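Data first, discussion second: the structure below is written as structure tokens.
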Amino acid sequence: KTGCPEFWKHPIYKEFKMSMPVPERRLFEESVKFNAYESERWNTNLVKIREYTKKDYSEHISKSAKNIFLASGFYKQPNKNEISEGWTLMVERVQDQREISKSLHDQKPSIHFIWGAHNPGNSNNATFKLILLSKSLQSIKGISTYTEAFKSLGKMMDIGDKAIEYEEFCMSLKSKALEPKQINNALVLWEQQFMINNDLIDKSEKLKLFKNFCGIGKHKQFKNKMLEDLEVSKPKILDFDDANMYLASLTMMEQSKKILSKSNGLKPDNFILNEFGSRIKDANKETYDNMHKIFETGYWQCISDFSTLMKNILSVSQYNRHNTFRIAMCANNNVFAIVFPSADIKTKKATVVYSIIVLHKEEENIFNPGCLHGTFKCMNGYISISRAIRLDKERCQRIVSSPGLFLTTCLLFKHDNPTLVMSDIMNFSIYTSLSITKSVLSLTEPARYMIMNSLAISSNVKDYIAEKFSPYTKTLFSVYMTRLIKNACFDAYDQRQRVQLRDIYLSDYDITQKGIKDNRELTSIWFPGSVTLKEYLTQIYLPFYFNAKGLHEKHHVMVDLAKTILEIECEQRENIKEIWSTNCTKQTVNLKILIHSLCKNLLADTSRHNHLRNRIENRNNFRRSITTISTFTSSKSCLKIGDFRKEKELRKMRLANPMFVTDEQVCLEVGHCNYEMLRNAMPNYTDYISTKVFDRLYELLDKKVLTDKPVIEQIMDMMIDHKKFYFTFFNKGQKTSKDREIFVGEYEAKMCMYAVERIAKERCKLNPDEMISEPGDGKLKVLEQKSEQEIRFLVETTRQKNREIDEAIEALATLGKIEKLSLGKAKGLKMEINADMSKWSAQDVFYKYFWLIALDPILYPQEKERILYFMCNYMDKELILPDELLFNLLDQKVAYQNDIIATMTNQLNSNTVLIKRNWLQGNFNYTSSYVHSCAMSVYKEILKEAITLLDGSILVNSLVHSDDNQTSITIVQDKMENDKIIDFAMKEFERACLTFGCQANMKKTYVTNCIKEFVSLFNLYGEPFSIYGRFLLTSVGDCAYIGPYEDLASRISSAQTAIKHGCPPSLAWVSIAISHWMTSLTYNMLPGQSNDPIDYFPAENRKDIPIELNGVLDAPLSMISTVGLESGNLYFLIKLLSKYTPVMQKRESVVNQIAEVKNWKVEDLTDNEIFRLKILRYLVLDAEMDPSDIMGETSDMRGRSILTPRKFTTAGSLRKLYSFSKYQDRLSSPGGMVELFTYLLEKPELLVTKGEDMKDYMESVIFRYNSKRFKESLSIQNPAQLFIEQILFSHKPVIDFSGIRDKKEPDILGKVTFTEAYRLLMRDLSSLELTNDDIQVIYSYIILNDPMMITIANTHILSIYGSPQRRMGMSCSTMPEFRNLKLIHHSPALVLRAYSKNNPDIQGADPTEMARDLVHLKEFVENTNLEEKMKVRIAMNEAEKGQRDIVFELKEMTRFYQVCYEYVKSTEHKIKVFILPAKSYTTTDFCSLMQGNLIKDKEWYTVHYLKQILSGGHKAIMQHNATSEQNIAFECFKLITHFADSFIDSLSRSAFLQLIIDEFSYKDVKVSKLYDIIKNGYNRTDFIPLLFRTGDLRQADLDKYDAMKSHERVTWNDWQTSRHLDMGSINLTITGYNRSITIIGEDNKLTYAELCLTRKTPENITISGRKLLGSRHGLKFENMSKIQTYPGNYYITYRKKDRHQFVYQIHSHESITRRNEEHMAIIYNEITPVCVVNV
Amino acid sequence: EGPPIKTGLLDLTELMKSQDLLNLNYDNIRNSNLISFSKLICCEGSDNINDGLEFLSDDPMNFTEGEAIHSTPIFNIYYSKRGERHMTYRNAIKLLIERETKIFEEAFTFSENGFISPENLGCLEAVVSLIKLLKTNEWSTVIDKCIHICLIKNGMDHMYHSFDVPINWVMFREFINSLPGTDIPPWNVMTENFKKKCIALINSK
RNA sequence: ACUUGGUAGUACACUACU
RNA sequence: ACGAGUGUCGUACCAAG
Ligand SMILES: Nc1ncnc2c1ncn2[C@@H]1O[C@H](COP(=O)(O)OP(=O)(O)OP(=O)(O)O)[C@@H](O)[C@H]1O
Ligand SMILES: [Mg+2]
Ligand SMILES: [Mg+2]
Ligand SMILES: [Zn+2]
């Protein structure tokens, strides 16, 4: 109701106002106070301001366009000379910034492992291997630094002949589960754990081995370090450009390939083969051969041994005393590891210290990836020892999971490439998969951009190499990979010319064939061979996804990020003086151009919708309560500013920094800084804490800061109530070489930014259902569309401009004049600018957004004032330095030379830095995107003016994401050459970005001819392209370790996503096999392990167990891609249906087969089938057994899983929550929790919702605190800790399985183990009864209810494979008419809200479709007897106990709602864009293409169906009124008449049509019925030939047909072959009253025309010509050839009107000549004759 | 959807469901496979192939034509153009039959004499009887139809419905693995898929 | 510096865009 | 030694003799 008077006096506003010219200040102040609801017109302000700035905008556009004649054609080309100069500059810069070492022994281990082949002669017994190792260690011959220590270690592990005694002692120890037991010179503490015997080793040797060799205690503690002990030096790296270093790296690679390419002497037999070999071999035999060859090599054995040895090292790193050591072994009887004492591995930031030992018969037969310490002679061969290696949990996890990554990489790089050698690929892949250091990340991350920009037409790669590229080469493989990248960059440009376009087959409606030719001419990058363009791009983009996530150390990365932010802020403070400029100064904005462009764009956008404000309010719940918005009630983290001494405070110590030490604290000990010393040492320290969003909302509601008013009013009040904004930051932890800063703010800042972001979002052209962080694959289709359009523009235009030239040249082909003509024809040009902006959010001019708020016509003056006040306050925000960074900087003891952090914080007087111009990461995505689109509109205008200066044709398209930009330009001109145009276009693109305060990134921006690259998506000249491998590799490296089924489901979803992006079937099967194998490895479920379920369920093999019960996925690859994770149940049901259906109904639709289920008997069913059917009936369609305790759970907290392991419940995270204390207070009350349960029981809708007002929201939060899984979502689940959880504690009970409907402690503790869970599940399932009616319910509500499942089942049943075809025209396609396959229209949350509130019209749904959704849900509830069973159970329990149990009824209600939610969610199948070999026009076409594309890798087949797969049903027959059946009849007859005219002989067309009409049916409706509908309608004038041939035509039909002459009646007596390319006979007839014209011509020569009239006078001729040719006839008349004229004749002439609109008239010869000749005398619009007219 | 239309050995109703034969381009229909045409044959005792083709149209169709585009990334477009008087759907079907039947008969020679040779007849009997016992897999009906078509063209449609099944399942493996494979024909992949599937299924059985 | 004993569950970790 | 790094860190911690 009121605005903000404070905005006018704000310092930020005063600075913004005084920086503008006086008229601009007047315009801004008049625009803020403009009221579009009280002015004469809504656009009065925008039009006035647009007119005021029009002259400057026009001058800028014209001046930029006139630069096209000043271009020289010399753009930035990435040729070899420029790359060499950039590389030289890079080498100088890196030599300056790092310490370069040319010596070899400074190399770090490329792989932290050494390996040797196993000995077939020796035994694989642990004790025998231990004895052999002990004998080999003692018999070391020679003298070295640690030889005596190694021999002593061998001595103190000998057992002599007491192997039996050792085994019995170990068994006795392990049976009951310390005092070492003297066996023989060995102090054995456990199996393979020994105690350091002081009598067998010298003290000096022991100190040397444990301090110098292992680093155990060699250092001095932090409290004792002094000034002379701190290390100051630059990071030391190897000379990557040195010749000797490169030769050494090449020698290492050659030796690795020589040793690791041998054969294992075994037979490949593992889980992957035995489970998926049939499918892999069927999809592609070459993939099976490749993986079988991989399994036979030393690479596979080496990496598997390393993974197993790392697992065995981790499993014994828990209880290690300071004077002991351990021996770890693997399946290789020659490779051992010594594990040295360290901290407990499961503690905070703990490491593991190990040393690998290999016994090998011959020297030089050792795999040494730069890790060897020494090879010494011993009895019977040699013993190799590696250096001590210290690793942390993430690096150990990467090592353990490496084999899957190695297999995936090897199979991806070799797919369909006979020119590549498997050994080179395996060598590269083993070196890139076992790398756990930042050395190769620093190369993989920039290699993408470097090679892509070197391959480009034009790019700024030279300056990127010279200034930003910085290899970090600490290992020899880093040097090798640097050389590989250098060679690739050198060869990219001079092999660019080897890419060729495919022949384009276009048909006026679609492009059948397109893309890049697949010829193996390009040179392979990472290993010798030849690749195609697609394989080249895959090699460029694939290694970026090998990299490990989270290799950054907080200690250094926090300082790095703080330094980056503070450097940007200081540079802006001390060097950015002007806000507005006109010469494209960096970090400045052209004021008038910005204002004019914003006005023009706002006028265009707001004119398209008359209810934009209502769309903003309704789409974002502006008038609803704050508790109904998801982003305001989430479990995400927000910031709190206050006094948190008690919460954060968790003997005295003094700081290490001398600048913060009191004179009375010197006589103390130095210690690591914590909250207390930081608080004491900082005067102006502001206190803060991080809480959860929902908890912050609870606290704000409790303290009456937020009320029950609509959220928009609260936001508007908060915009003026909250004036000081505070932010903190943390490191994202991404796989790049440098981390990204992420900013966390307060709740009030969240509300204020939410309002502005939602206002700016509705104008953006982005999809509202997707996120900025996750761009949908729909863009993959959009790109294609654009390209197709542009291709058409390139084909029609050039041809149109070169028709005359081609005709003349051809007549002269059957010479100097020939080339003279050929150089005068218009040439075409294609350009693709793929750009990213540099520092999108950091180096941006925030002030421009001010105008975006002032010029908005959909806001009131008060709203504008409040929003602008919020923005002024936001420009005053303060970033809080994290306490950890302050700890880091307060224990240094040495002043940094040029400390930016100390300077910007006043020598650490405070912890806050003022950040003005940097709007933080992701806060203003939509506003910035809108301004970016305005900039692209300005650039497009400049290009259009420039091209029309050349009298050419142009088509500019621009896709704009947050900062990613893709601009495609198609140009057709005969004036200047193409390089000048390219140079001009790039210069103007850079200048257009600089005009709006943006800046093109020199690292990711490049220019191509035929390669579109939007966000991770490619368009290779009309053909969509995606690097599907990044979905496979990410499925291996990324794992949350939540549980077996959860990990398996996530990996299957990744495989499905890869399939949707064009993954060949064999590789998808390999990915699924690897996912299953890794999930079974992690949770000990392989055949013969602890948790193997095969012998606990009625299943012969793992194919017969549902994947929810740790089985494997048995489903065709067609079902997985289209449904996913519900394909197992569908395939099992289909197999049952085929098995038990009579042979007379075997080849019918799935519906007809299901109708025969009632004739089955339960007695003749296999026990496995009964088991799985019971699971489907009671665990999927019901909630008979709870995976965990459900009290406090909501309707959406029950997945598809059955056995869910428990996770961490961090008490430290929970106690920070304000609402958790309230919950604990209520729990410790006499009758509080029971009253809360009663309140929830009286209002059950709070189980689906979570409170739509203040009181219900608070009660629901307190109730949800009982969930025991909601508490696990608020806690910390470290993937490394959960990784070691499955290794250290494998037999611990973790599963909270609780039967059938209620029948010192570790942080993770369940009730039963996995095997006990299996046993209980079988005991409980057998107690249930399955009946034929139960099977009917299963089939009716898993298959029959969903049209999509019916379609999929029918495709599996009715498919008939056809002819093999070749992939040439891959295209993006969604499912056509998929809205007919949606059983339930709305989202499950909305449907459950409507069901609970019993209200079809809820605050977010359409009341019409929600009624049908509700009736579907009610039918499901009624037919499955869910509510009746719930009532019976409740009544039985109450009668048994005597009094009503609130807990039991609440649990039953929760189960009911969870079952309903799961059923509604199982209906929605998110079938997004698919990449298919051809174009899909129907649902049958889509299904057939998808099915035929997924059976072989080499070719795709044609699939037909015996019957209709999309049988009419409840969503297909229904939802179709009279007009729908009318359209069905129209389509049927339009199809049948032309089918008869095209494929049926002339003498048999009438009989064929009669048979079609009387006997067949179309879309389940009889053809006779359709013919009766069209005869009894008003549209029978559209089927005159049909009525005439049958005989149902009347004179009334003819009168109706010839009575429509009033609107000039246009008919085409014949169809043109191509109306866009102007091919085919033109036979057109236009008729009105007393006038008619008929035109005949072929291609572009109108042969003649006849004009029949009633008054032969020139006036009537001209008026009739204007009235006829001005109709909607579709003939162009300007693409026709110009003809000569003769006196006395009349001609159809065309003339230009709107530079794209034309006028067609009929003129006389003298008229044309006179007007043209007087028009020459003074652009140049002359009357052009086309055709002759006979009057 | 409706009952089949029997005009000679052709089935016009099943022509309606053959989407790859509904091209209006003479070159596309002429250069198809026998697999695309096999779906149209339901002779049921026909000794000739040129009777039902009289029910196909005789109007001129389109044919492809190519043309270079004057652009920096050079490429050639191929479009449709109104064909001559002899480019008819019936003529394209006739040419398809003439080429593809010969190609298939060369691919299933199995003899030093020819396709009709009695040893080849016994081999084809064994091939058809394999699918008579083993449940029809996805890559069998296509071959059955092509064999039937080529027997009709070779004048022994009689010796296709007279096929008598001769079972020891181990014998099949040998007889099949020793069966040679084609290289040039579209059956360079089809017949090998058939052999692989049949041997795998008999191993499972 | 050395010997013995005792203690230790996670990076207490995490944003915007649905 | 190993991890990190042109930011001083990790390289277990505590008590006793
Ligand atoms: N993980 C993220 N969290 C939050 N916002 C993000 C995230 N990633 C991207 N954004 C948003 O998208 C914008 C684009 O970021 P992008 O990754 O393209 O780099 P940039 O910050 O523009 O810098 P540069 O290209 O110079 O590395 C960011 O400025 C930010 O607003
Ligand atoms: Mg960017
Ligand atoms: Mg970007
Ligand atoms: Zn026959």
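Convention: chains lettered A, B, ... in structure tokens order; per-chain residue numbering from 1; ligands numbered from 1 as shown.
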| request: Identify, with DSSP run on backbone atoms, the residues in region 85-245 of chain A assigned to strand (DSSP E), and express the list as a PyMOL selection string. | output: chain A and resi 99-101+181-182+187-190+193-195+236-238
As a compact mmCIF listing (two decimals) with C-alpha atoms, in the first residue's frame, please: all residues of region 109-163 of chain B that backbone DSSP puts in alpha helix (DSSP H).
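As a result, states_21.txt now contains:
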# COMPACT_ATOMS: atom_id res chain seq x y z
CA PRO B 118 17.82 -81.41 -54.73
CA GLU B 119 20.61 -81.01 -52.16
CA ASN B 120 19.67 -77.34 -51.81
CA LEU B 121 16.03 -78.40 -51.53
CA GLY B 122 16.94 -80.69 -48.64
CA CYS B 123 18.93 -77.91 -46.98
CA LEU B 124 15.97 -75.54 -47.31
CA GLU B 125 13.69 -78.26 -45.93
CA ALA B 126 15.96 -78.54 -42.90
CA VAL B 127 15.98 -74.75 -42.49
CA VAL B 128 12.16 -74.49 -42.65
CA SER B 129 11.68 -77.55 -40.35
CA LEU B 130 14.04 -75.95 -37.77
CA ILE B 131 11.47 -73.09 -37.39
CA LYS B 132 8.61 -75.65 -37.58
CA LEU B 133 9.93 -77.12 -34.27
CA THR B 141 9.51 -65.41 -40.55
CA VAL B 142 11.40 -62.97 -42.86
CA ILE B 143 13.55 -65.87 -44.23
CA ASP B 144 10.51 -68.24 -44.50
CA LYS B 145 8.66 -65.64 -46.61
CA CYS B 146 11.69 -64.98 -48.82
CA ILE B 147 12.21 -68.71 -49.38
CA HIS B 148 8.51 -69.07 -50.28
CA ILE B 149 8.78 -66.13 -52.73
CA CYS B 150 11.87 -67.53 -54.44
CA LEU B 151 10.25 -70.96 -54.69
CA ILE B 152 7.24 -69.34 -56.36
CA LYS B 153 9.54 -67.58 -58.84
CA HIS B 158 4.23 -76.85 -54.86
CA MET B 159 7.43 -77.94 -53.12
CA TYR B 160 7.04 -75.48 -50.26
CA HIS B 161 3.71 -76.47 -48.69
Closest contacts (chain A/chain B, max 9 Å, only C-alpha atoms) as a Markdown table:
| residue | atom | partner | partner_atom | distance |
| --- | --- | --- | --- | --- |
| A:282 | CA | B:196 | CA | 8.4 |
| A:500 | CA | B:73 | CA | 7.9 |
| A:501 | CA | B:75 | CA | 6.0 |
| A:502 | CA | B:75 | CA | 7.1 |
| A:503 | CA | B:76 | CA | 5.2 |
| A:504 | CA | B:77 | CA | 4.7 |
| A:505 | CA | B:78 | CA | 4.8 |
| A:506 | CA | B:79 | CA | 5.9 |
| A:507 | CA | B:79 | CA | 6.1 |
| A:508 | CA | B:79 | CA | 8.6 |
| A:794 | CA | B:71 | CA | 7.8 |
| A:795 | CA | B:69 | CA | 6.8 |
| A:798 | CA | B:70 | CA | 6.8 |
| A:799 | CA | B:69 | CA | 7.5 |
| A:802 | CA | B:70 | CA | 8.7 |
| A:825 | CA | B:70 | CA | 8.7 |
| A:826 | CA | B:70 | CA | 7.9 |
| A:827 | CA | B:70 | CA | 5.6 |
| A:828 | CA | B:71 | CA | 4.3 |
| A:829 | CA | B:72 | CA | 5.6 |
| A:830 | CA | B:72 | CA | 7.3 |
| A:972 | CA | B:71 | CA | 8.6 |
| A:978 | CA | B:72 | CA | 8.0 |
| A:1009 | CA | B:73 | CA | 6.9 |
| A:1010 | CA | B:73 | CA | 7.6 |
| A:1359 | CA | B:138 | CA | 7.8 |
| A:1360 | CA | B:138 | CA | 5.9 |
| A:1361 | CA | B:138 | CA | 5.6 |
| A:1362 | CA | B:35 | CA | 6.4 |
| A:1363 | CA | B:35 | CA | 5.5 |
| A:1364 | CA | B:186 | CA | 7.3 |
| A:1502 | CA | B:20 | CA | 8.5 |
| A:1504 | CA | B:17 | CA | 7.8 |
| A:1505 | CA | B:17 | CA | 8.6 |
| A:1507 | CA | B:1 | CA | 8.3 |
| A:1508 | CA | B:1 | CA | 8.4 |
| A:1539 | CA | B:16 | CA | 8.7 |
| A:1540 | CA | B:57 | CA | 8.6 |
| A:1541 | CA | B:57 | CA | 7.9 |
| A:1542 | CA | B:57 | CA | 6.7 |
| A:1543 | CA | B:57 | CA | 5.1 |
| A:1544 | CA | B:57 | CA | 4.6 |
| A:1545 | CA | B:57 | CA | 3.9 |
| A:1546 | CA | B:57 | CA | 6.7 |
| A:1547 | CA | B:55 | CA | 8.4 |
| A:1548 | CA | B:55 | CA | 6.8 |
| A:1552 | CA | B:5 | CA | 8.9 |
| A:1555 | CA | B:5 | CA | 8.9 |
| A:1556 | CA | B:2 | CA | 8.4 |
| A:1559 | CA | B:2 | CA | 6.8 |
| A:1560 | CA | B:2 | CA | 4.5 |
| A:1561 | CA | B:1 | CA | 5.4 |
| A:1562 | CA | B:1 | CA | 6.3 |
| A:1563 | CA | B:1 | CA | 8.0 |
| A:1564 | CA | B:1 | CA | 7.9 |
| A:1617 | CA | B:81 | CA | 6.7 |
| A:1618 | CA | B:80 | CA | 7.9 |
| A:1623 | CA | B:81 | CA | 7.3 |
| A:1624 | CA | B:82 | CA | 6.9 |
| A:1625 | CA | B:82 | CA | 8.9 |
| message | Applying 10 Å and only C-alpha atoms (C1' of nucleotides), which residues near residue 155 (chain B) remain after dropping the ones on its own chain fewer than 5 positions away? List them as an MDAnalysis selection string. | response | chainID B and resid 46:49 116 150
| request: For ligand 4, list the contacting residues at 6 Å or closer, counting only C-alpha atoms (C1' of nucleotides) and all ligand atoms, as an MDAnalysis selection string. | output: chainID B and resid 43:46 157
Store the residues picked out above, limited to N, CA, C and O atoms, as a PDB file, in the first residue's frame.
ATOM      1  N   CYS B  43       0.479 -65.762 -50.874  1.00  0.00           N
ATOM      2  CA  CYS B  43      -0.027 -66.499 -52.070  1.00  0.00           C
ATOM      3  C   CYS B  43      -1.024 -67.607 -51.740  1.00  0.00           C
ATOM      4  O   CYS B  43      -2.111 -67.603 -52.356  1.00  0.00           O
ATOM      5  N   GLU B  44      -0.661 -68.522 -50.842  1.00  0.00           N
ATOM      6  CA  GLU B  44      -1.513 -69.671 -50.529  1.00  0.00           C
ATOM      7  C   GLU B  44      -1.829 -70.470 -51.797  1.00  0.00           C
ATOM      8  O   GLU B  44      -2.987 -70.652 -52.180  1.00  0.00           O
ATOM      9  N   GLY B  45      -0.775 -70.932 -52.465  1.00  0.00           N
ATOM     10  CA  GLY B  45      -0.937 -71.730 -53.665  1.00  0.00           C
ATOM     11  C   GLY B  45      -0.946 -70.934 -54.953  1.00  0.00           C
ATOM     12  O   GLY B  45      -1.883 -71.044 -55.748  1.00  0.00           O
ATOM     13  N   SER B  46       0.085 -70.121 -55.172  1.00  0.00           N
ATOM     14  CA  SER B  46       0.246 -69.372 -56.409  1.00  0.00           C
ATOM     15  C   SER B  46       1.547 -69.780 -57.085  1.00  0.00           C
ATOM     16  O   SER B  46       2.603 -69.827 -56.446  1.00  0.00           O
ATOM     17  N   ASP B 157       6.407 -73.598 -56.263  1.00  0.00           N
ATOM     18  CA  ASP B 157       5.557 -73.286 -55.119  1.00  0.00           C
ATOM     19  C   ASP B 157       4.948 -74.546 -54.526  1.00  0.00           C
ATOM     20  O   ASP B 157       4.657 -74.594 -53.325  1.00  0.00           O
TER      21      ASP B 157
END
| Straight-line distance linking CA of residue 1060 (chain A) with CA of residue 1473 (chain A), stated in Å to one decimal |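 Going from CA of residue 1060 (chain A) over to CA of residue 1473 (chain A), I get 7.1 Å.
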Counting only C-alpha atoms (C1' of nucleotides) and all ligand atoms, which protein, DNA or RNA residues come within 12 Å of ligand 2, given as a PDB file with C-alpha atoms, in the first residue's frame?
ATOM      1  CA  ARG A 740      34.062 -22.574  -7.630  1.00  0.00           C
ATOM      2  CA  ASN A 834      29.679 -20.875 -29.367  1.00  0.00           C
ATOM      3  CA  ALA A 835      30.381 -18.433 -26.556  1.00  0.00           C
ATOM      4  CA  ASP A 836      30.573 -18.309 -22.781  1.00  0.00           C
ATOM      5  CA  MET A 837      30.894 -15.160 -20.712  1.00  0.00           C
ATOM      6  CA  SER A 838      33.850 -14.479 -18.433  1.00  0.00           C
ATOM      7  CA  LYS A 839      32.926 -13.927 -14.771  1.00  0.00           C
ATOM      8  CA  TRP A 840      29.197 -13.747 -15.427  1.00  0.00           C
ATOM      9  CA  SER A 841      28.240 -12.876 -11.855  1.00  0.00           C
ATOM     10  CA  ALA A 842      31.475 -11.314 -10.585  1.00  0.00           C
ATOM     11  CA  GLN A 843      32.404  -8.702 -13.206  1.00  0.00           C
ATOM     12  CA  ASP A 844      28.908  -7.464 -14.022  1.00  0.00           C
ATOM     13  CA  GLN A 921      26.720 -17.022  -7.994  1.00  0.00           C
ATOM     14  CA  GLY A 922      23.266 -18.025  -9.196  1.00  0.00           C
ATOM     15  CA  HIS A 961      21.142 -19.890 -21.310  1.00  0.00           C
ATOM     16  CA  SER A 962      22.370 -18.310 -18.043  1.00  0.00           C
ATOM     17  CA  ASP A 963      25.619 -17.164 -19.660  1.00  0.00           C
ATOM     18  CA  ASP A 964      26.086 -19.774 -22.392  1.00  0.00           C
ATOM     19  CA  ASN A 965      25.361 -18.366 -25.833  1.00  0.00           C
ATOM     20  CA  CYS A 998      29.322  -8.660 -20.614  1.00  0.00           C
ATOM     21  CA  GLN A 999      32.601 -10.157 -21.824  1.00  0.00           C
ATOM     22  CA  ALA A1000      33.222 -13.196 -24.009  1.00  0.00           C
ATOM     23  CA  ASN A1001      35.381 -15.879 -22.413  1.00  0.00           C
ATOM     24  CA  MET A1002      38.688 -16.430 -24.196  1.00  0.00           C
ATOM     25  CA  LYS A1003      38.640 -20.043 -22.964  1.00  0.00           C
ATOM     26  CA  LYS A1004      35.323 -21.419 -24.253  1.00  0.00           C
ATOM     27  CA  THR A1005      34.294 -19.105 -27.122  1.00  0.00           C
ATOM     28  CA  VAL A1015      25.167 -26.673 -23.063  1.00  0.00           C
TER      29      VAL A1015
END
| request: Within 9 Å of residue 9 (chain C), counting only C-alpha atoms (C1' of nucleotides), which residues show up once you throw out same-chain ones fewer than 6 positions away? Write them as a ChimeraX atom specification, please. | output: /A:346-348,1208,1281,1306-1308
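Between CA of residue 783 (chain A) and CA of residue 930 (chain A) the interatomic distance comes to 19.3 Å.
One distance worth recording is that between CA of residue 919 (chain A) and CA of residue 846 (chain A), which is 7.2 Å.
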| task | Kindly indicate which residue among A:890, A:879, A:772, A:659 lies nearest to residue 8 (chain D), using only C-alpha atoms (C1' of nucleotides) for the distances. | result | A:890
Only residues of chain C matter here; which ones have an atom within 8 Å of chain A, counting only C-alpha atoms (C1' of nucleotides)? Give them as a PDB file with C-alpha atoms (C1' of nucleotides), in the first residue's frame.
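The file below, result_16.pdb, is the result:
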ATOM      1  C1'   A C   8      39.302 -40.710  18.742  1.00  0.00           C
ATOM      2  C1'   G C   9      32.391 -42.116  13.363  1.00  0.00           C
ATOM      3  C1'   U C  10      32.228 -38.288   8.733  1.00  0.00           C
ATOM      4  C1'   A C  11      34.748 -32.710   4.906  1.00  0.00           C
ATOM      5  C1'   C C  12      30.129 -31.553  11.327  1.00  0.00           C
ATOM      6  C1'   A C  13      29.352 -30.097   4.281  1.00  0.00           C
ATOM      7  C1'   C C  14      27.061 -26.664   2.148  1.00  0.00           C
ATOM      8  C1'   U C  15      23.793 -22.191  -2.318  1.00  0.00           C
ATOM      9  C1'   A C  16      20.561 -20.416  -6.403  1.00  0.00           C
ATOM     10  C1'   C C  17      17.754 -22.539 -10.416  1.00  0.00           C
ATOM     11  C1'   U C  18      12.666 -27.643  -9.860  1.00  0.00           C
TER      12        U C  18
END
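Among the candidates A:901, A:565, A:992, A:1434, the residue lying nearest to ligand 1 is A:565 (atoms considered: only C-alpha atoms and all ligand atoms).
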| field | 9 Å contact set for residue 493 (chain A), only C-alpha atoms (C1' of nucleotides), chain neighbours under 4 positions out, as a PyMOL selection string | value | chain A and resi 77-80+454-457+489+497
| task | Compute the set of chain A residues within 8 Å of chain D, using only C-alpha atoms (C1' of nucleotides), and express it as a PyMOL selection string. | result | chain A and resi 97-98+212-217+219+230-235+342-343+350+387-392+552-553+555-556+559+891-894+896
| So which residues touch region 1132-1145 of chain A within 12 Å, counting only C-alpha atoms (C1' of nucleotides), skipping near sequence neighbours fewer than 4 positions away, as a PyMOL selection string? | (chain A and resi 1103-1107+1113-1116+1119+1126-1128+1149-1162+1164-1166+1168-1173+1175-1176+1335-1336+1338-1344+1349-1350+1352-1358) or (chain B and resi 135)
| Counting only C-alpha atoms (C1' of nucleotides), what is within 12 Å of residue 1270 (chain A), bar same-chain residues fewer than 6 positions away, as a VMD selection string? | chain A and resid 634 to 635 1188 to 1194 1196 to 1198 1206 to 1210 1214 1220 1261 to 1264
